[PDB]
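Participant: Would you mind keeping the following structure in view while I ask a few things?
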Protein chains: 4
Amino acid sequence: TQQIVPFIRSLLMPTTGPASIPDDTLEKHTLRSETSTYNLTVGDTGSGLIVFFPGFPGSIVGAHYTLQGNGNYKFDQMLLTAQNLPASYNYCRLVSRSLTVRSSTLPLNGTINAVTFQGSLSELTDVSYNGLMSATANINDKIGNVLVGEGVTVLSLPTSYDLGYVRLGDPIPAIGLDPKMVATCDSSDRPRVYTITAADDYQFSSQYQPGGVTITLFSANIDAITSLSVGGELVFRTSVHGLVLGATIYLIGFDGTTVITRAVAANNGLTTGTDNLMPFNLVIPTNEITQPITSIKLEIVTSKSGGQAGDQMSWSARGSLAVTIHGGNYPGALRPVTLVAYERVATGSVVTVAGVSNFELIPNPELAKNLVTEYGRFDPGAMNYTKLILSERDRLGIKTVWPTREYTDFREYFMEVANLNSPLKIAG
Amino acid sequence: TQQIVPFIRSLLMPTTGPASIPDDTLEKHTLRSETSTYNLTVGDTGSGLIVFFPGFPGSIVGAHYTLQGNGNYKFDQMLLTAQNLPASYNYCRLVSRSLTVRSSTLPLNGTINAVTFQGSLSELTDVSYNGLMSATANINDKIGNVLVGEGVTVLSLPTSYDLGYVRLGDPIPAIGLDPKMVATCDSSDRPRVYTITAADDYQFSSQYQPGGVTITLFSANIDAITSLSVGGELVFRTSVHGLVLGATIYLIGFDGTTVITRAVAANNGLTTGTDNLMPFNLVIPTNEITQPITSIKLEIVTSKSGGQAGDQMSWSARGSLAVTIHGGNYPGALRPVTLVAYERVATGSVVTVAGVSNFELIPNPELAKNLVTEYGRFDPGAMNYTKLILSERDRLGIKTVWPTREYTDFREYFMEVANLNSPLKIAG
Amino acid sequence: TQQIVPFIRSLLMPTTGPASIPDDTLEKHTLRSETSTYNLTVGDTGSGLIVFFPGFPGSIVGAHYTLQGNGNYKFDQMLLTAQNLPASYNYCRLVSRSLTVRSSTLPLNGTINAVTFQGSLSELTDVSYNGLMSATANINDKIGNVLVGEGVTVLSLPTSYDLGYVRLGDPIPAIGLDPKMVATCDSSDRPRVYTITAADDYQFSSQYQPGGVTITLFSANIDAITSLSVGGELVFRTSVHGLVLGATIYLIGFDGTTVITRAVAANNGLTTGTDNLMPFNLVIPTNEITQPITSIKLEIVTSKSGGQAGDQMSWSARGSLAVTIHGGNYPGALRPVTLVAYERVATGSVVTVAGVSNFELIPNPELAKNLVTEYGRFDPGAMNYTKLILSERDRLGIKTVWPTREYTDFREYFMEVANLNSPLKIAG
Amino acid sequence: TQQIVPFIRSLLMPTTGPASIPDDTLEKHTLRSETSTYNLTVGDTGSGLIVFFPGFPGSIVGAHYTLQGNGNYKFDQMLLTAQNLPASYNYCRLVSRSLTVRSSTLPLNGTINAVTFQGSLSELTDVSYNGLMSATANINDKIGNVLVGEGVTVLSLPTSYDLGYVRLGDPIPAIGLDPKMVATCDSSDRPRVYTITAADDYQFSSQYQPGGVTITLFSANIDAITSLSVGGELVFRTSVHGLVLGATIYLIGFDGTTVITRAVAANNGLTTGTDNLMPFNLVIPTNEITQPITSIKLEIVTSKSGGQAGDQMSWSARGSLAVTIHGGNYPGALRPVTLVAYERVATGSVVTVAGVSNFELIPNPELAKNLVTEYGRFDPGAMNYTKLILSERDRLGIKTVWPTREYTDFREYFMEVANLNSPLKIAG
């Protein structure tokens, strides 16, 4: 270590400030840091879960959920950046990030368990306080029973560099008749695609009922935080006359609550001996998503025009759907997820979250008039040193989740050289 | 500088020839240079605007517009590469590019203003001769009142390396009944997505009128040069019987002229107390786009079957659309835009554009039979030197827009070493 | 670092003592340190805001405000220096200053957010606990959710050196008939001037009403802590006979409460078809200002001598005013403002403020008889070292707001050399 | 010269970019460059005059005047900065500036004469094409008969460093009833004060006349570009009954046209054997000043209520006025003035002005949320080198007005070292 490599200093200690990433991605950008401060309130059970998205290239930092008496979680609020980046910048890239979770007030207060899972939120098999501990085999990606008073620090380690600049959900110039009109240029690069074969000649059969018979064709776990779109088509075949179908797609949250409900086809009559097409042309905007989506399901209501006591309704469906979450496969947008769970904490106490997030940004047309952009500072060996450090990650003890006390000791063990400036003022 | 780094020589002086990009993107390719020569004719006002796409990975170099008496611009023609690359190659990657704009004939002739904006064409706030000067805060990305006789040189600096190979709009083998059938494999990687929430329970209300009442629901600025597609769905609710809707999407150009007009739904009757779906399944091919698209708008016509004097027509719309321009977020396809504006130039004089564009290409199946491809020439320190140069960009005076005189002086200040060949013929 | 530079030691650790500023401002002065100790009491909401003026060249250190249930702040008291400097010195200059804010008693107690804004108090866009965090883009000028028990330290970094000596509001020898007569020589150098064009042929129109019709012509945000003066003139034109005007200027505080109310013109009759002048010759002394002024507004009352039911009163005003706060533009008198906000703190607990302020002073005629003054100690490289330090401010982590724990670690990391005295007693 | 001193590079070649000033004025600021582009049109006489304010700490760069057939000049327009600085920043400081004036179009075209006067505009004794040449004794501050086709370059040399930050005429938050209300915090530091003793017992005497007898009491040359205020008081004594006075202050421009007219006292009756006070409480805002003010005069109209053929009106005036132009004495706000005069140029041809202005700025509250500020880059010997250069100014040929050809040769003779970067990429 000669002095200190700006990037490494930033990667390991985000609270220090931003630094350009030493990869081959050469863009004229600007560096900024955004703080995240939140004072969460503990529920009745005294247990909760904070879902962090350490690699998210934007202002969405995470989401808080409180555990309830019945065992289910309840969405509280989204953890964001001090200010909304998309309102001022168009393109973004994540450099480093660290967050600390600890208790600050009391009405001494429980413990914390945390892990860094290498997958999206819905892919987790167990999200219970104790279950987390087995989300990864990596020992430096998990930490157990840390006193809340002490706190836990979440460090964001990379999941591949040389990633392109992600476009934020910035508002694009537009005018409309509707006051609630929203037009944005969303994160598209590197989209994730879920392919659900809802039915392959599925035989439906049930007796008549006033109001209709409702069934849930399928229910799969998908993940989404920002805009997504659903495409595909289901074909229905029938022998019975006068059958009317009703289809609705539900986007469910982590807490099991319905986040978004869209009617795919309401009041659709079926013709006998012919293919009845039911297209899916859903486009869900970012502002409509109030909390991370965890699963998607489709309900189909079958009703008859006439109807008696026992008419036996029946149809055959065949078709596949394609759920496409824009920019979903971009490393960090959904991929790495760090969970910080706490329990036994006093009811009514405050759990404080404080962090810093560093980005490489490109201002929007208006701000670009006064914001100067430049190419990254050049310093060879920065990337090599980073690769070296990451290579010896386990033997250096560089964790993704740390007990704040240990992280503070790491901040002084490391960064031992801050030698002001050698004879430059006495140089001549 | 040991002799000269092939890449740096190419980056700073594109007119010299092509060179492989020293990033981690290892593909067997071939290097070619394509010239661009145009003799534009000056309008009545003597003022015009040339929109350049310096980082475009293809044969589209820019577009020329002439300013008219009423103050609006008028599309002239597209500035392209000597020959159409997609006709001979499938994949492409941009290396370097430089273009010069100066007057050559006269019926002494005005000045030029130019800037390099870090965003797409429609994102610009001011496109007037004098307004440009404030598009960027960067001093080396703007240049003012340069004599047209002298000329201005546009240099293309990078906006991130390690970019994948873009697929050109190459024609794909296909046969059809229609003679005007076009089948191509377009630029898809890194798509840009605009999400427009056209209405959220928007209440429409107006009296009957023979022919119908037309309204413009919304109008947003989007950008597109190559193929794009529009998806989404609008849901209409009504209480009045016998209402018929007509919807049309218009893709407007920079000059305000309609480039592409597509009817989304013509003659669509509305049912009372039910959700009336109006799907959007538009796919606009590249050849249909005659000039850069700047904005998109949707018009809805409401007509009644019966009709009297005062029937009061009314409906409620709710829905979001998703405009997806293929390969839009790929750095250079739409992102950097350099504008060269000129004024006070004599009417009828010739404004000459001359440039060279260097690419890394992959031939199509037919040409690949005689075109040999190889991996880039290896020379360590090429990328590092590039990063160094770009790092000290401002203190070196490396501009994106130069006064030709200053650029020529830069070509000799730099590239001082062209030492033929040291004792190689006398080596042994 | 050779031993330690007296100035740098003082700048970075004000609690150490005073040191002369190494600029070109050579005056015979004396160095003194003044402590500031306060035990603020927390309100019902448990949230408050402390406004600091780190660069103030005098005994005014800041002001405390408590947040109330309705959301508005309420002035508590002014934070001052142990003793009133103007009572003993005439001229002053600020060297360094540090203050610490932390809880000391409890009836464990909330958190703190702080930032250093580069502008006066009224220029702030958001003064809420969470809003502060976005007052600056600079990461070392903000700090979030720091435990109150731990505390936050406010360090005063320079805003330009080579500033002249400011004259304190010292009492000047004078005798009068009034016992409440106050005569002082205020801070004048570098005055700030606000130019408010209240009206440009503004048309007033309203019906008669017993008592008069009152309207607020304008309301602008201005800043003032010490004496200010208001000048200018408004011209009124009218067609209606017997109109009487009443004008009053109000100087509003940060908490929205009226601090100073001055009647500009009471009972002023208007003449038809002639220019009616309404001069502004207001001079507000320092002792009349009980708390920082945030905005200034002008109310005009229009009443008629006769009066009926509907007489329609009307006049036309045209004129500009000039608010001049003496010594307002002197760096530090109003410019830098550091806000320390706290919340979730127990009601009734004590928030302790402790700091030290170092000055370069010039005694008044009486004290100058026993106070010896000398020119600054000469030591070359002091200013250069300061510039070096300030230059590498971000990479050294020199903040304006620190979490007391981190500031204490900084006090030992730095100032590592306090080598008593090398062989001077054994020299000979 | 080791490489090149950032400041010196900026001072001598402003078109290169901004650099922090190496004085003792340590403020956290940001550096920006603002272009100035104008295409002036030549008058009928083919002669004109461009008045430049090289040291102006703001967006006002100069003013253009055309010479007319009768010999008087006629204001054309103000030469400003690309964008209005006060709209985005609050405080400013000038670093360097250069402007070039040359012809670009023709319907070969005359010559140019230029000089740099060490005083404000109105203090010039001769402003004719040939008269300028004698404005200074300094040979490097004047240049004669330079071909317009070639051009003249205006370089801004310093007039004292260690100047404080000037506050721009930024709009301050305020609300009013009048739509044309303007509230700003103007440049106050370092005000200029003109003291005019209009009369010392001046005896007036003239016969009656219907309408009144108008006389011009005095007319003095003063200078102002931004807001100013007029104070003072005139006392009138008389023996004749029923005398009515009318007073009006006129602020005249460079072209002799009235810029601002304010009625001081209209319809004022005089009482016999008593002191009749006529106060001056004028405050002229910046937006009301359409062109530089050159002189101020006061007209007094004396009319009688009765009136006959020969009543002989008479009064005695005694009093002094104080014209105070805010921030007038700040070096550069009014002080140095460079005049560029041209003649014999073809009528209808274009005279192009192009320049760059570098500043040290402090963003307003809103912009400060995303604009990062830092202390100047530290590099000892920068100021010393500057003093050295300025010391040998005459023997180095560093002019304030240059023949563009000679300035270009100076740009290459100097700045010979732009050695990219010595073994830093090969360092290790």
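So you can find residues: chains in the structure tokens are A, B, ... in the order shown, residues in each start at 1, and ligands are numbered from 1 in order.
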Hey, could you make a per-residue contact list for chain D against chain B with 9 Å as the cut-off, showing the nearest pair of atoms and its distance in Å to one decimal, counting only C-alpha atoms, sorted by chain and number, as CSV?

Facilitator:
```
residue,atom,partner,partner_atom,distance
D:6,CA,B:395,CA,8.6
D:15,CA,B:139,CA,8.4
D:16,CA,B:397,CA,7.2
D:17,CA,B:139,CA,6.6
D:32,CA,B:137,CA,7.3
D:33,CA,B:139,CA,6.4
D:34,CA,B:139,CA,8.0
D:35,CA,B:133,CA,7.2
D:36,CA,B:144,CA,7.9
D:37,CA,B:144,CA,6.3
D:38,CA,B:145,CA,7.8
D:39,CA,B:145,CA,8.4
D:82,CA,B:134,CA,6.7
D:83,CA,B:134,CA,7.1
D:103,CA,B:108,CA,8.5
D:104,CA,B:108,CA,5.6
D:105,CA,B:108,CA,4.5
D:106,CA,B:108,CA,5.9
D:107,CA,B:108,CA,8.9
D:350,CA,B:110,CA,8.1
D:352,CA,B:145,CA,7.4
D:353,CA,B:145,CA,7.8
D:354,CA,B:145,CA,6.3
D:355,CA,B:144,CA,8.1
D:418,CA,B:396,CA,6.8
D:419,CA,B:396,CA,8.7
D:420,CA,B:396,CA,6.9
D:421,CA,B:388,CA,7.8
D:424,CA,B:388,CA,8.7
D:425,CA,B:384,CA,6.6
D:426,CA,B:381,CA,8.3
```

Participant: Using only C-alpha atoms, which residues sit within 8 Å of range 51-63 of chain D once same-chain residues fewer than 3 positions away are excluded, as a ChimeraX atom specification?

Facilitator: /D:75-81,83-86,92-94,97-98,155-156,158-159,166,168,291-292,331-340,359

Participant: Mind pulling up the distance from CA of residue 263 in chain C to CA of residue 248 in chain C?

Facilitator: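 Spanning CA of residue 248 in chain C to CA of residue 263 in chain C is a straight-line distance of 4.2 Å.
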
Participant: Write out as a PyMOL selection string the set of residues from range 242-380 of chain D that DSSP, computed on the backbone, places in strand (DSSP E).

Facilitator: chain D and resi 243-253+258-269+276-284+293-304+313-325+337-343+350-363

Participant: With only C-alpha atoms as the counted atoms, please give the residues lying no more than 12 Å from residue 182 in chain A, apart from itself and same-chain residues fewer than 4 positions off, as a ChimeraX atom specification.

Facilitator: /A:169-178,186,284-288 /B:194-200,218-220,318-322

Participant: Once you have the residues from the selection above, write them out as a PDB file, in the first residue's frame, restricted to C-alpha atoms.

Facilitator:
```pdb
ATOM      1  CA  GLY A 169     -36.212   5.736 -13.734  1.00  0.00           C
ATOM      2  CA  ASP A 170     -35.840   9.360 -14.802  1.00  0.00           C
ATOM      3  CA  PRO A 171     -38.911  11.322 -15.957  1.00  0.00           C
ATOM      4  CA  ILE A 172     -38.856  12.002 -19.673  1.00  0.00           C
ATOM      5  CA  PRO A 173     -40.352  15.207 -21.162  1.00  0.00           C
ATOM      6  CA  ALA A 174     -44.032  14.620 -21.917  1.00  0.00           C
ATOM      7  CA  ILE A 175     -47.468  16.234 -21.769  1.00  0.00           C
ATOM      8  CA  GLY A 176     -50.863  14.625 -21.417  1.00  0.00           C
ATOM      9  CA  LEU A 177     -54.508  15.224 -20.599  1.00  0.00           C
ATOM     10  CA  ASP A 178     -54.278  13.141 -17.451  1.00  0.00           C
ATOM     11  CA  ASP A 186     -36.499   2.816 -17.143  1.00  0.00           C
ATOM     12  CA  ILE A 284     -46.498  -2.363 -14.853  1.00  0.00           C
ATOM     13  CA  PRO A 285     -44.809   1.015 -14.190  1.00  0.00           C
ATOM     14  CA  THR A 286     -42.329   1.602 -11.388  1.00  0.00           C
ATOM     15  CA  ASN A 287     -44.445   4.003  -9.294  1.00  0.00           C
ATOM     16  CA  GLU A 288     -47.251   1.452  -9.019  1.00  0.00           C
TER      17      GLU A 288
ATOM     18  CA  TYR B 194     -39.721   4.416 -21.569  1.00  0.00           C
ATOM     19  CA  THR B 195     -42.672   3.866 -19.227  1.00  0.00           C
ATOM     20  CA  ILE B 196     -45.571   6.248 -19.861  1.00  0.00           C
ATOM     21  CA  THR B 197     -48.578   6.171 -17.526  1.00  0.00           C
ATOM     22  CA  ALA B 198     -51.028   7.732 -20.000  1.00  0.00           C
ATOM     23  CA  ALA B 199     -53.920   7.841 -17.562  1.00  0.00           C
ATOM     24  CA  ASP B 200     -54.932   6.959 -14.034  1.00  0.00           C
ATOM     25  CA  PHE B 218     -50.292  12.626 -23.865  1.00  0.00           C
ATOM     26  CA  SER B 219     -47.077  13.618 -25.593  1.00  0.00           C
ATOM     27  CA  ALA B 220     -43.659  12.573 -24.288  1.00  0.00           C
ATOM     28  CA  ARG B 318     -56.502   3.911 -16.848  1.00  0.00           C
ATOM     29  CA  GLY B 319     -53.318   2.254 -18.094  1.00  0.00           C
ATOM     30  CA  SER B 320     -49.595   2.447 -18.786  1.00  0.00           C
ATOM     31  CA  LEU B 321     -47.537   2.009 -21.941  1.00  0.00           C
ATOM     32  CA  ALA B 322     -44.009   0.788 -22.490  1.00  0.00           C
TER      33      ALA B 322
END
```

Participant: As a PDB file with C-alpha atoms, in the first residue's frame, list the residues of range 37-244 of chain D assigned to helix (DSSP H, G or I) by DSSP on the backbone atoms of this structure.

Facilitator:
```pdb
ATOM      1  CA  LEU D  85     -24.647  33.351 -13.086  1.00  0.00           C
ATOM      2  CA  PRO D  86     -26.802  34.954 -10.402  1.00  0.00           C
ATOM      3  CA  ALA D  87     -29.578  32.482 -11.323  1.00  0.00           C
ATOM      4  CA  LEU D 121     -16.204  54.425 -18.260  1.00  0.00           C
ATOM      5  CA  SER D 122     -17.224  58.000 -17.466  1.00  0.00           C
ATOM      6  CA  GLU D 123     -13.724  58.992 -16.377  1.00  0.00           C
ATOM      7  CA  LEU D 132      -8.230  56.101 -27.216  1.00  0.00           C
ATOM      8  CA  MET D 133      -4.580  55.622 -28.064  1.00  0.00           C
ATOM      9  CA  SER D 134      -3.736  58.204 -25.396  1.00  0.00           C
ATOM     10  CA  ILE D 139       2.598  50.676 -24.329  1.00  0.00           C
ATOM     11  CA  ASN D 140       1.354  47.135 -23.652  1.00  0.00           C
ATOM     12  CA  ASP D 141      -2.083  48.429 -22.746  1.00  0.00           C
TER      13      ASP D 141
END
```

Participant: Skip residue 361 in chain C itself and residues of its chain fewer than 3 positions away, then list as a list in words all residues within 6 Å of it, counting only C-alpha atoms.

Facilitator: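 Non-adjacent residues within range: residues 29, 30, 91 and 92 of chain C.
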
Participant: Calculate how many Å separate CA of residue 383 in chain D from CA of residue 11 in chain D, rounding to one decimal.

Facilitator: 11.5 Å

Participant: So that I can check the surroundings of residue 18 in chain D, please list as a PyMOL selection string every protein, DNA and RNA residue that reaches within 6 Å of it, counting only C-alpha atoms and ignoring chain neighbours fewer than 5 positions away.

Facilitator: chain D and resi 10+31+358

Participant: How would the residues just picked look written out with N, CA, C and O atoms as a tab-separated table (two decimals), in the first residue's frame?

Facilitator:
```tsv
chain	number	residue	atom	x	y	z
D	10	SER	N	-4.02	29.47	-16.86
D	10	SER	CA	-5.36	30.04	-16.95
D	10	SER	C	-5.34	31.55	-17.14
D	10	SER	O	-6.10	32.09	-17.92
D	31	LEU	N	-14.97	25.56	-9.67
D	31	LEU	CA	-14.49	26.32	-10.83
D	31	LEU	C	-15.33	26.08	-12.07
D	31	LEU	O	-15.65	24.94	-12.41
D	358	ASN	N	-13.50	32.75	-16.68
D	358	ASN	CA	-13.36	31.76	-15.61
D	358	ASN	C	-13.64	32.32	-14.22
D	358	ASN	O	-13.14	33.38	-13.85
```

Participant: Write out as number ranges by chain which residues come within 10 Å of residue 270 in chain C when counting only C-alpha atoms, dropping same-chain ones fewer than 2 positions away.

Facilitator: C: 236-245, 267-268, 272-277, 315

Participant: Output N, CA and C atoms of each residue in that selection to a file, as a compact mmCIF listing (two decimals), in the first residue's frame.

Facilitator:
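What ended up in again.txt:
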```txt
# COMPACT_ATOMS: atom_id res chain seq x y z
N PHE C 236 -47.19 56.34 -4.77
CA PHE C 236 -48.59 56.00 -4.95
C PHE C 236 -49.36 57.00 -5.81
N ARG C 237 -50.19 56.47 -6.71
CA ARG C 237 -51.02 57.28 -7.60
C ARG C 237 -52.47 56.85 -7.40
N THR C 238 -53.39 57.81 -7.44
CA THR C 238 -54.80 57.50 -7.25
C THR C 238 -55.75 58.47 -7.94
N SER C 239 -56.99 58.02 -8.12
CA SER C 239 -58.03 58.82 -8.75
C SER C 239 -59.14 59.13 -7.75
N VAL C 240 -59.23 58.29 -6.72
CA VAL C 240 -60.22 58.44 -5.67
C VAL C 240 -59.76 59.44 -4.61
N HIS C 241 -60.69 60.27 -4.16
CA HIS C 241 -60.37 61.28 -3.16
C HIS C 241 -60.50 60.76 -1.74
N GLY C 242 -59.74 61.37 -0.84
CA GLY C 242 -59.77 61.01 0.56
C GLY C 242 -59.31 59.62 0.97
N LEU C 243 -58.22 59.15 0.37
CA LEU C 243 -57.69 57.84 0.72
C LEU C 243 -56.54 58.04 1.69
N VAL C 244 -56.51 57.23 2.75
CA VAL C 244 -55.46 57.29 3.76
C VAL C 244 -54.73 55.95 3.85
N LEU C 245 -53.40 56.01 3.76
CA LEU C 245 -52.58 54.81 3.82
C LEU C 245 -51.82 54.59 5.13
N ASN C 267 -51.27 57.00 8.85
CA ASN C 267 -52.16 58.10 8.52
C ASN C 267 -51.52 59.04 7.49
N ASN C 268 -51.54 58.60 6.23
CA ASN C 268 -50.96 59.37 5.14
C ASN C 268 -52.04 59.56 4.07
N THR C 272 -55.02 63.40 -5.41
CA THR C 272 -55.37 62.94 -6.74
C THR C 272 -54.53 63.52 -7.87
N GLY C 273 -54.11 62.64 -8.77
CA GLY C 273 -53.32 63.04 -9.92
C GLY C 273 -51.93 63.56 -9.63
N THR C 274 -51.33 63.08 -8.55
CA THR C 274 -49.99 63.51 -8.17
C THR C 274 -49.22 62.34 -7.57
N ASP C 275 -47.90 62.41 -7.62
CA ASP C 275 -47.07 61.36 -7.06
C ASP C 275 -47.02 61.51 -5.54
N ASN C 276 -47.47 60.49 -4.82
CA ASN C 276 -47.45 60.49 -3.36
C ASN C 276 -46.28 59.64 -2.89
N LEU C 277 -45.28 60.32 -2.35
CA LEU C 277 -44.07 59.65 -1.88
C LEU C 277 -44.19 59.05 -0.47
N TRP C 315 -55.52 52.45 -5.84
CA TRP C 315 -54.27 53.18 -5.99
C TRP C 315 -53.24 52.37 -6.77
```
